[PDB]
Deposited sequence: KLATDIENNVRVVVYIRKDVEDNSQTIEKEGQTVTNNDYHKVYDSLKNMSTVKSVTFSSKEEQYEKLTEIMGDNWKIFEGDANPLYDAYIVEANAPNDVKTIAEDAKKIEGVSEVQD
């Protein structure tokens, strides 16, 4: 991954940029314009982030299992060419935060 060339872009909790079907009603359904808007790069799920967290810190966090995942879906994305797209990435609608 490498810190030097990496930017993290967390997407808002109320946005589903990668599940095509969206069930607000009981049935099928914004989209990929998050994805390749940064292309002009890879997706990291909140559920993977949570497994990685337990892997790093030790066993489950038993007090949270019965409730929603508080982490954010994100997209993991030259050294001097960093601060730029960081600012750029906060522009996009739906994005919660970005980190450089």
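- In this chain the deposited sequence has gaps in the coordinates at 1-5, 35-37, 49-54, 92-94, listed in sequence order.
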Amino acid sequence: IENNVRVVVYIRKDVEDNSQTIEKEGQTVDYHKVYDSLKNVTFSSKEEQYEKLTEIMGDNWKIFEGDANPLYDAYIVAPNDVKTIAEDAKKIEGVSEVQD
From here on, numbers count along this sequence of modelled residues.
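- Two stretches are in play, 51-59 and 31-39, and the higher mean C-alpha B-factor belongs to 31-39.
- Among the modelled residues of its chain, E93 has a C-alpha B-factor that falls in the middle third according to the deposited record.
- Ranked against the other modelled residues of its chain, the C-alpha B-factor of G66 as given in the entry falls in the middle third.
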